[PDB]
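Listed here are the chains, written in short residue letters.
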Amino acid sequence: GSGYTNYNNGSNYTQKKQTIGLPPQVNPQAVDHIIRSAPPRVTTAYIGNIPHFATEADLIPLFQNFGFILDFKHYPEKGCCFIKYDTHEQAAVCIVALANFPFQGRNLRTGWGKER
């Protein structure tokens, strides 16, 4: 009875942090520097350099791993992944978690959101 748990969003089911945590994927020290970029508000992530053949389905098993996906939105007609995580640092982790990661023979990209 799994149905649809991940890739969701709510109110009484957020903030799942904890002490002692420094995995190989992403680290804290390599995140605080990113958070400084944008203000403590913008959550929309950014992962440019995406191949036209980039199915969101294959993107789930990558972003959701970093933090929590509320309403991830793919942009095939542009070239960039927009993830409005629940927390600021959350999405920011995706910028220091991949940054030119091996997807399918192409060096992806990273960045922040909020155009205005």
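Here is what the cut-offs are and how they apply
Residues numbered from 1 in each chain as written, not as in the entry; some residues may be left out. Heavy atoms only, no water. Helix = DSSP H or I, 4+ residues; strand = E, 2+ residues; numbered from the N terminus. Rg over C-alpha atoms; globule rule 2.2 N^0.38 Å. Buried < 20%, exposed > 50% of the residue type's maximum accessible area, 1.4 Å probe, protein only. Contact = heavy atoms within 4.5 Å.

As stated in the entry header, the method of structure determination is solution NMR.

Its PDB record names the entry "Structure of eIF4G1 (37-49) - PUB1 RRM3 chimera in solution".

**Q** Let's hear about the overall build of the protein chain: which residues, and what values?
**A** A tally of regular secondary structure across the protein chain gives three helices and zero strands. Along the protein chain, helices and strands appear, N-terminal first, in the series α-α-α. Its C-alpha radius of gyration of 14 Å places the protein chain within 12% of the 13 Å reference for a compact globule of 116 residues. Its C-alpha atoms put the protein chain at 40 × 35 × 35 Å along the principal axes. Burial statistics for the protein chain: of 116 residues in total, 35% are counted as buried. At a minimum sequence separation of 6, the contacts of the protein chain that also span at least 24 residues come to 69%.

**Q** Could you give an account of unusual backbone geometry, naming the residues involved and the relevant values?
**A** The backbone of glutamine 15 shows a phi angle near 55°, a positive value even though the residue is not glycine. Assignment of secondary structure puts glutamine 15 in the segment before α1 (29–35).

**Q** Quick one: what's the story with helix α2 (residues 56–66), residue by residue and with numbers?
**A** For α2, the set of buried residues is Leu59, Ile60, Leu62, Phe63 and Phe66. The secondary structure elements touched by the buried residues of α2 are α3 (88–97).

**Q** Please provide a residue-by-residue account of α3, values included.
**A** Along α3, seven of the ten residues are buried, which leaves the element largely enclosed by surrounding structure. Residues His88, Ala91, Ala92, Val93, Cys94, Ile95 and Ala97 constitute the buried set of α3. Elements in contact with the buried residues of α3: α1 and α2. Just past α3, the residue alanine 99 takes up positive phi, approximately 45°.

**Q** Tell me about the environment of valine 93, residues and numbers included.
**A** Relative to the helices and strands, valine 93 is located in helix α3. When the C-alpha atoms of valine 93 and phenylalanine 63 are compared, they prove to be 9.3 Å apart, with 30 residues separating the residues in sequence. Not counting chain neighbours up to four residues away, the residues in contact with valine 93 comprise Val26, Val31 and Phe66.

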